[PDB]
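Participant: Hey, dropping target-v7.txt in here, compact mmCIF, C-alpha atoms and all ligand atoms:
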```txt
# COMPACT_ATOMS: atom_id res chain seq x y z
CA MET A 1 0.00 0.00 0.00
CA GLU A 2 1.52 3.37 -1.16
CA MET A 3 2.73 4.80 2.22
CA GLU A 4 1.38 8.33 1.26
CA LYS A 5 -2.19 6.85 1.33
CA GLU A 6 -1.48 4.69 4.44
CA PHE A 7 -0.29 8.09 5.90
CA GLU A 8 -3.55 10.04 5.19
CA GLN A 9 -5.61 6.97 6.41
CA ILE A 10 -3.74 6.94 9.84
CA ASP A 11 -3.88 10.81 10.11
CA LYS A 12 -7.63 11.08 9.29
CA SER A 13 -8.30 8.20 11.77
CA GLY A 14 -5.79 9.65 14.33
CA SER A 15 -4.39 6.10 15.04
CA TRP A 16 -0.58 6.91 15.30
CA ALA A 17 -0.48 5.74 18.98
CA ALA A 18 -2.17 2.42 17.98
CA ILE A 19 0.26 1.69 15.01
CA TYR A 20 3.25 2.57 17.32
CA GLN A 21 2.10 0.20 20.14
CA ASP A 22 1.68 -2.62 17.50
CA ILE A 23 5.41 -2.16 16.56
CA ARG A 24 6.40 -2.14 20.29
CA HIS A 25 4.47 -5.45 20.75
CA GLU A 26 6.03 -7.29 17.69
CA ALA A 27 9.64 -6.03 18.31
CA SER A 28 12.45 -8.57 18.93
CA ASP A 29 13.72 -9.35 22.46
CA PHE A 30 17.32 -10.67 22.66
CA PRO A 31 19.63 -10.90 25.69
CA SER A 32 21.81 -7.91 26.83
CA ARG A 33 23.84 -9.79 29.52
CA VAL A 34 27.23 -8.01 28.97
CA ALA A 35 25.54 -4.50 29.29
CA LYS A 36 24.08 -5.53 32.73
CA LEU A 37 27.36 -6.82 34.35
CA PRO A 38 28.18 -4.73 37.48
CA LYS A 39 31.65 -3.72 36.07
CA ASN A 40 29.71 -1.86 33.22
CA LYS A 41 27.25 0.24 35.26
CA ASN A 42 29.16 3.55 34.70
CA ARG A 43 29.41 2.74 30.88
CA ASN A 44 25.59 3.07 30.44
CA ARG A 45 23.81 6.45 30.34
CA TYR A 46 20.30 4.88 30.76
CA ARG A 47 19.41 1.70 32.76
CA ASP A 48 16.62 0.74 30.23
CA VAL A 49 18.75 1.20 26.97
CA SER A 50 21.27 -1.57 26.25
CA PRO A 51 22.85 -3.18 23.20
CA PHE A 52 21.90 -6.86 22.47
CA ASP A 53 24.83 -9.29 22.99
CA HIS A 54 24.60 -10.62 19.36
CA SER A 55 25.03 -7.15 17.65
CA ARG A 56 27.14 -5.18 20.25
CA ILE A 57 30.39 -3.47 19.12
CA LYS A 58 33.44 -4.97 20.88
CA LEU A 59 36.42 -2.73 21.83
CA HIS A 60 39.80 -4.37 20.84
CA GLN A 61 41.20 -4.66 24.38
CA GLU A 62 41.48 -7.62 26.80
CA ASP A 63 40.64 -5.53 29.95
CA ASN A 64 36.93 -4.68 29.24
CA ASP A 65 35.59 -4.79 25.62
CA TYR A 66 32.22 -3.15 26.48
CA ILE A 67 30.62 0.02 24.94
CA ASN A 68 26.90 0.89 24.59
CA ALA A 69 26.91 0.64 20.73
CA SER A 70 25.18 -1.71 18.20
CA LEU A 71 25.90 -2.71 14.53
CA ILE A 72 22.70 -2.32 12.39
CA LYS A 73 23.41 -4.37 9.15
CA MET A 74 20.75 -3.81 6.39
CA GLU A 75 21.30 -6.75 3.95
CA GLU A 76 18.99 -5.73 1.02
CA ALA A 77 19.88 -1.96 1.19
CA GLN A 78 23.66 -2.82 1.47
CA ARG A 79 24.11 -0.21 4.32
CA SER A 80 25.61 -0.63 7.84
CA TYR A 81 25.27 1.84 10.79
CA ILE A 82 26.70 1.90 14.31
CA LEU A 83 24.09 3.41 16.71
CA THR A 84 25.52 4.53 20.12
CA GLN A 85 24.59 6.64 23.19
CA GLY A 86 25.96 10.17 23.67
CA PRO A 87 29.38 9.55 25.29
CA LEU A 88 29.77 9.97 29.11
CA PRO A 89 32.73 11.50 31.05
CA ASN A 90 34.25 7.99 31.55
CA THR A 91 33.55 6.73 27.93
CA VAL A 92 34.90 9.56 25.65
CA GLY A 93 38.17 7.57 25.18
CA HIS A 94 36.19 4.31 24.38
CA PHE A 95 34.06 6.29 21.84
CA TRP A 96 37.13 7.44 19.82
CA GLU A 97 38.74 3.94 20.17
CA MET A 98 35.56 2.50 18.48
CA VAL A 99 35.69 5.09 15.65
CA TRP A 100 39.41 4.15 15.06
CA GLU A 101 38.97 0.32 15.26
CA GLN A 102 35.81 0.23 13.04
CA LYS A 103 37.43 2.52 10.32
CA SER A 104 34.50 4.99 10.36
CA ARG A 105 34.79 8.17 8.18
CA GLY A 106 31.85 10.10 9.74
CA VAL A 107 30.16 10.79 13.13
CA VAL A 108 26.49 11.98 13.00
CA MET A 109 25.33 13.88 16.16
CA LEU A 110 21.57 14.71 16.40
CA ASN A 111 21.48 16.42 19.88
CA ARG A 112 22.95 19.50 21.67
CA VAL A 113 25.36 18.96 24.62
CA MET A 114 22.74 20.71 26.84
CA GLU A 115 18.94 20.36 26.26
CA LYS A 116 16.04 21.07 28.70
CA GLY A 117 18.72 22.53 31.10
CA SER A 118 20.55 19.14 31.64
CA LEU A 119 23.68 17.56 30.08
CA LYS A 120 22.69 15.08 27.28
CA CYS A 121 26.33 14.12 26.38
CA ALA A 122 29.95 15.00 27.16
CA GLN A 123 31.88 17.72 25.22
CA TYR A 124 33.80 14.93 23.36
CA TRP A 125 35.46 17.02 20.53
CA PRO A 126 37.76 20.16 20.67
CA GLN A 127 36.18 23.62 20.19
CA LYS A 128 39.43 25.46 19.21
CA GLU A 129 42.13 24.54 16.67
CA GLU A 130 44.99 25.29 19.12
CA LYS A 131 43.51 23.25 22.07
CA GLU A 132 43.63 19.57 21.04
CA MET A 133 42.30 16.69 23.29
CA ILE A 134 44.38 13.65 24.42
CA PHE A 135 42.53 10.48 25.67
CA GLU A 136 45.23 8.83 27.91
CA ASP A 137 43.19 5.62 28.59
CA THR A 138 43.04 4.72 24.77
CA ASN A 139 46.23 6.58 23.53
CA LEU A 140 44.46 8.86 20.95
CA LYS A 141 44.81 12.57 20.03
CA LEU A 142 41.98 14.58 18.43
CA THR A 143 42.44 18.06 16.75
CA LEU A 144 39.85 20.43 15.28
CA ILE A 145 40.96 21.19 11.62
CA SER A 146 38.02 23.35 10.40
CA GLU A 147 34.39 24.17 11.25
CA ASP A 148 31.54 25.25 8.84
CA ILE A 149 28.51 26.66 10.80
CA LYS A 150 25.17 26.81 8.88
CA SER A 151 21.63 27.69 10.04
CA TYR A 152 20.42 24.06 10.72
CA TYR A 153 23.74 22.09 11.11
CA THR A 154 27.54 22.40 11.55
CA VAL A 155 30.19 20.28 9.71
CA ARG A 156 33.64 19.85 11.31
CA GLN A 157 36.85 18.32 9.98
CA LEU A 158 38.76 16.46 12.76
CA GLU A 159 42.16 14.70 12.79
CA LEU A 160 42.35 11.47 14.86
CA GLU A 161 45.89 10.22 15.63
CA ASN A 162 46.69 6.75 17.02
CA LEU A 163 49.57 7.79 19.37
CA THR A 164 50.79 4.12 19.43
CA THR A 165 51.57 3.98 15.61
CA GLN A 166 51.44 7.73 14.66
CA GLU A 167 48.86 6.95 11.91
CA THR A 168 46.29 9.79 11.37
CA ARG A 169 42.84 9.85 9.68
CA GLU A 170 40.41 12.62 8.79
CA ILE A 171 36.96 12.19 10.54
CA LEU A 172 33.95 14.31 9.44
CA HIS A 173 31.54 15.44 12.28
CA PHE A 174 27.96 16.16 11.04
CA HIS A 175 26.09 18.04 13.84
CA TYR A 176 22.35 18.63 13.41
CA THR A 177 21.86 21.54 15.90
CA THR A 178 18.12 22.49 15.51
CA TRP A 179 16.07 19.42 16.61
CA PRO A 180 13.58 21.03 19.11
CA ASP A 181 13.80 20.28 22.92
CA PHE A 182 10.14 18.86 22.77
CA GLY A 183 8.43 16.97 19.90
CA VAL A 184 9.75 16.69 16.27
CA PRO A 185 10.44 19.29 13.53
CA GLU A 186 7.29 20.71 11.80
CA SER A 187 8.80 20.11 8.26
CA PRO A 188 11.38 17.41 7.34
CA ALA A 189 13.03 19.74 4.76
CA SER A 190 16.08 20.63 6.94
CA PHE A 191 16.53 16.99 8.22
CA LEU A 192 16.52 15.63 4.56
CA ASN A 193 18.95 18.44 3.51
CA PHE A 194 21.24 17.22 6.38
CA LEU A 195 20.94 13.50 5.38
CA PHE A 196 21.92 14.41 1.74
CA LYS A 197 25.01 16.30 3.05
CA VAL A 198 26.16 13.21 5.02
CA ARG A 199 25.59 11.01 1.89
CA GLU A 200 27.52 13.47 -0.37
CA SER A 201 30.57 13.28 2.01
CA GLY A 202 31.20 9.53 1.33
CA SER A 203 30.61 8.77 5.08
CA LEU A 204 27.76 6.20 4.31
CA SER A 205 29.63 4.44 1.48
CA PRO A 206 31.01 0.85 1.46
CA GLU A 207 34.67 1.90 1.02
CA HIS A 208 34.61 3.11 4.73
CA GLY A 209 33.68 1.45 8.05
CA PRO A 210 30.07 2.10 9.23
CA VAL A 211 29.01 5.68 10.10
CA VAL A 212 28.71 6.30 13.91
CA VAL A 213 25.25 7.79 14.76
CA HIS A 214 24.19 9.16 18.19
CA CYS A 215 21.72 11.31 20.12
CA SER A 216 21.38 11.06 23.92
CA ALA A 217 20.19 7.38 24.21
CA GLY A 218 21.02 6.45 20.56
CA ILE A 219 17.48 5.08 19.68
CA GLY A 220 15.05 7.98 19.01
CA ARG A 221 16.47 10.67 16.66
CA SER A 222 19.25 8.14 15.73
CA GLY A 223 16.49 5.63 14.74
CA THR A 224 14.78 8.27 12.54
CA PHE A 225 18.04 9.03 10.63
CA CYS A 226 18.89 5.34 9.69
CA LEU A 227 15.19 4.39 8.99
CA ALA A 228 14.77 7.33 6.55
CA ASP A 229 18.13 6.65 4.77
CA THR A 230 17.45 2.85 4.36
CA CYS A 231 13.81 3.36 3.11
CA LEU A 232 14.90 5.95 0.42
CA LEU A 233 17.77 3.64 -0.74
CA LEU A 234 15.34 0.66 -1.10
CA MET A 235 12.89 2.91 -3.12
CA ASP A 236 15.90 3.64 -5.54
CA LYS A 237 16.93 -0.06 -5.85
CA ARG A 238 13.57 -1.90 -6.31
CA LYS A 239 11.42 -2.24 -9.52
CA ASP A 240 8.32 -1.32 -7.42
CA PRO A 241 9.08 1.60 -5.00
CA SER A 242 5.54 1.32 -3.48
CA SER A 243 6.55 -2.16 -2.09
CA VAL A 244 8.74 -0.36 0.58
CA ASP A 245 6.98 -1.01 3.95
CA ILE A 246 8.42 1.40 6.59
CA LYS A 247 6.91 -0.61 9.55
CA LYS A 248 8.63 -3.78 8.25
CA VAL A 249 12.00 -1.97 7.75
CA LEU A 250 11.73 -0.60 11.35
CA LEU A 251 11.07 -4.14 12.74
CA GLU A 252 14.13 -5.48 10.80
CA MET A 253 16.29 -2.66 12.35
CA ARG A 254 14.89 -3.50 15.87
CA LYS A 255 16.43 -6.99 15.54
CA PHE A 256 19.82 -5.16 16.02
CA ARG A 257 19.08 -2.46 18.70
CA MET A 258 16.05 -2.12 21.05
CA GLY A 259 13.62 0.83 21.12
CA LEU A 260 14.44 2.52 17.75
CA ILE A 261 11.83 5.33 17.28
CA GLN A 262 10.78 6.34 20.85
CA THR A 263 7.33 8.04 20.23
CA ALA A 264 4.28 7.98 17.89
CA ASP A 265 5.33 11.54 16.75
CA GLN A 266 8.85 10.23 15.71
CA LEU A 267 7.08 7.41 13.71
CA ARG A 268 4.84 10.01 11.93
CA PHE A 269 7.89 12.28 11.24
CA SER A 270 9.77 9.23 9.72
CA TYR A 271 6.83 8.65 7.27
CA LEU A 272 6.83 12.40 6.35
CA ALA A 273 10.62 12.46 5.69
CA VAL A 274 10.49 9.32 3.42
CA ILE A 275 7.39 10.62 1.50
CA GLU A 276 8.93 14.11 0.93
CA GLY A 277 12.41 12.66 0.19
CA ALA A 278 11.02 10.19 -2.45
CA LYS A 279 9.97 13.28 -4.55
CA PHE A 280 13.81 13.61 -5.23
CA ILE A 281 14.70 9.80 -5.51
CA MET A 282 11.94 9.37 -8.26
CA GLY A 283 13.64 11.93 -10.53
CA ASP A 284 12.99 15.53 -9.48
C1 LIG B 301 39.86 13.41 27.40
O1 LIG B 301 38.62 14.15 27.62
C2 LIG B 301 37.94 13.98 28.72
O2 LIG B 301 38.53 13.27 29.59
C3 LIG B 301 36.64 14.54 28.98
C4 LIG B 301 35.86 14.08 30.05
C5 LIG B 301 34.57 14.66 30.34
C6 LIG B 301 34.01 15.70 29.59
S1 LIG B 301 32.42 16.39 29.97
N1 LIG B 301 31.41 15.10 30.20
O3 LIG B 301 32.49 17.11 31.21
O4 LIG B 301 31.98 17.23 28.91
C7 LIG B 301 34.81 16.15 28.52
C8 LIG B 301 36.10 15.59 28.21
```
Please, can you express the file's structure as structure tokens?
Ligand SMILES: COC(=O)c1ccc(S(N)(=O)=O)cc1

Facilitator:
Amino acid sequence: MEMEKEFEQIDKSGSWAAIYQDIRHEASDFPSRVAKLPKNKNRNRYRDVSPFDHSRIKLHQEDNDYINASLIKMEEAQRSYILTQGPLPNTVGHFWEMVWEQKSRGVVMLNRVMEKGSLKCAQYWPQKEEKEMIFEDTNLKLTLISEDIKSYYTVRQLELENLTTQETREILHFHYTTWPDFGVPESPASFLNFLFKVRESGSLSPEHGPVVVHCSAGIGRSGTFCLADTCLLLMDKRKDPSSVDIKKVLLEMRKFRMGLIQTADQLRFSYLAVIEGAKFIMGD
């Protein structure tokens, strides 16, 4: 069923809360035993948001390999994403170790460091060229190279150095700065513009490791970003673009990380972004 018609049918019937609860009921449940070990309590921002054991990213160290991060592998779309929490004071070194070990080109940040008057994630990147950051626990150095500030997002060029081998890589930081403190954006125009800028960078492409995507918990806004990208790619690839079922793509993604899309408003916004974005994909 053409999702644009399914959309008007749910809107006119005001049944978004009912569709959303149906997804919550059918979603996969897999063990998260490593996340719940007592040694890992200060590595988790939220007690009710954990990576599944089968899809968790492992740090390459014998001490403690744990980080709150999941690999979302979309077989038909041929895209992979790492979804993670906003880093905490005691996990900023682990975060950059993961970026290094997984060979990521891009980091996508969908939150502000402070929202609703509380800290939603650590200041994990340098704000001035001449004041670089050293992570002594993982032996990495991070320098700000350049910053391009626009009305709805900021793009930064960063240099990550492995202090053990003196190799360096360029990382791109894509920072969506205008998601509102409550609810979802009124139009998806600026969110789709942002997604097309990440794609244009090469950060989502198979020659690199998976893109790292985060918000505060790494399930809500993060979920919206990867769901919209995957649905638009499948509409490009298939003979029948109307066959793309957003609820079925979301359930496939929930096999890899719990809770993706946190509200009925985020589900509705995801439909709107795919419907408005398709009017480019189908030749405009
Ligand atoms: C190496 O860098 C750090 O050790 C570090 C720790 C915490 C914060 S934070 N959460 O206060 O912003 C920022 C940076």

Participant: Name the closest residue to residue 178 of chain A among the candidates A:74, A:110, A:67, A:92; distances are taken between atoms, counting only C-alpha atoms.

Facilitator: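 Selected residue with least distance to residue 178 of chain A: A:110.
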
Participant: Quick one: residues within 8 Å of residue 217 of chain A, all atoms listed in the file counted, chain neighbours fewer than 2 positions away excluded, as a ChimeraX atom specification?

Facilitator: /A:45-46,49,84-86,214-215,219-220

Participant: Nearest residue to ligand LIG 301 (chain B) out of A:126, A:277, A:117, A:218, using all atoms listed in the file?

Facilitator: A:126

Participant: What do you get as a ChimeraX atom specification if you pick all residues at most 6 Å from ligand LIG 301 (chain B), counting all atoms listed in the file?

Facilitator: /A:88-89,122-124,133-135

Participant: Enclose segment 206-210 of chain A, meaning all of its atoms listed in the file, in a box aligned along x, y and z, pad it by 5 Å on each side, and list the centre and edge lengths in Å to one decimal, as lines of an AutoDock Vina configuration file.

Facilitator:
```
center_x = 32.4
center_y = 2.0
center_z = 5.1
size_x = 14.6
size_y = 12.3
size_z = 18.2
```

Participant: Out of A:167, A:209, A:258, A:235, which residue has the shortest atom-to-atom distance to residue 281 of chain A when counting all atoms listed in the file?

Facilitator: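 Checking each candidate against residue 281 of chain A, we get A:235 as the closest.
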
Participant: Interatomic distance between atom CA of residue 241 of chain A and atom CA of residue 81 of chain A?

Facilitator: 22.6 Å

Participant: Using Å and a single decimal, report how far atom CA of residue 160 of chain A sits from atom CA of residue 221 of chain A.

Facilitator: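 Answer for the atom CA of residue 221 of chain A to atom CA of residue 160 of chain A separation: 26.0 Å.
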
Participant: Please indicate the distance in Å from atom CA of residue 115 of chain A to atom CA of residue 263 of chain A, rounded to one decimal place.

Facilitator: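 Pair atom CA of residue 115 of chain A / atom CA of residue 263 of chain A returns 18.0 Å.
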
Participant: Could you give me, as a list in words, the residues within 12 Å of residue 41 of chain A, counting all atoms listed in the file and dropping anything in the same chain fewer than 2 positions from it?

Facilitator: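 So, after excluding close chain neighbours, the residues are residues 34, 35, 36, 37, 38, 39, 43, 44, 45, 46, 47, 48, 49, 50, 66, 67, 68, 88, 90 and 91 of chain A.
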
Participant: In terms of the shortest atom-to-atom distance over only C-alpha atoms, which of A:273, A:212, A:163, A:260 is closest to residue 195 of chain A?

Facilitator: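 Of A:273, A:212, A:163, A:260, the one nearest residue 195 of chain A is A:273, counting only C-alpha atoms.
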
Participant: With only C-alpha atoms as the atoms that count, which of A:229, A:101, A:236, A:148 lies nearest to residue 80 of chain A?

Facilitator: A:229

Participant: Which of these, A:164, A:77, A:149, A:102, has the shortest distance to residue 228 of chain A once you count all atoms listed in the file?

Facilitator: A:77

Participant: Taking 2 positions as the minimum chain separation for residues in the same chain, which residues sit within 12 Å of residue 130 of chain A when counting only C-alpha atoms? Answer as an MDAnalysis selection string.

Facilitator: chainID A and resid 126:128 132:133 142:146

Participant: Find the residues around residue 282 of chain A up to 12 Å (all atoms listed in the file counted), leave out those fewer than 2 positions away in its own chain, and share them as an MDAnalysis selection string.

Facilitator: chainID A and resid 232:242 274:280 284

Participant: Can you pull out every residue within 12 Å of residue 29 of chain A, counting all atoms listed in the file, but drop anything in the same chain fewer than 5 positions away, and send it as a PDB file with C-alpha atoms, in the frame of the given file?

Facilitator:
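Dumped everything to around_2.pdb:
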```
ATOM      1  CA  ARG A  24       6.400  -2.140  20.290  1.00  0.00           C
ATOM      2  CA  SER A  50      21.270  -1.570  26.250  1.00  0.00           C
ATOM      3  CA  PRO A  51      22.850  -3.180  23.200  1.00  0.00           C
ATOM      4  CA  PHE A  52      21.900  -6.860  22.470  1.00  0.00           C
ATOM      5  CA  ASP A  53      24.830  -9.290  22.990  1.00  0.00           C
ATOM      6  CA  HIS A  54      24.600 -10.620  19.360  1.00  0.00           C
ATOM      7  CA  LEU A 251      11.070  -4.140  12.740  1.00  0.00           C
ATOM      8  CA  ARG A 254      14.890  -3.500  15.870  1.00  0.00           C
ATOM      9  CA  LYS A 255      16.430  -6.990  15.540  1.00  0.00           C
ATOM     10  CA  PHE A 256      19.820  -5.160  16.020  1.00  0.00           C
ATOM     11  CA  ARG A 257      19.080  -2.460  18.700  1.00  0.00           C
ATOM     12  CA  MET A 258      16.050  -2.120  21.050  1.00  0.00           C
ATOM     13  CA  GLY A 259      13.620   0.830  21.120  1.00  0.00           C
TER      14      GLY A 259
END
```
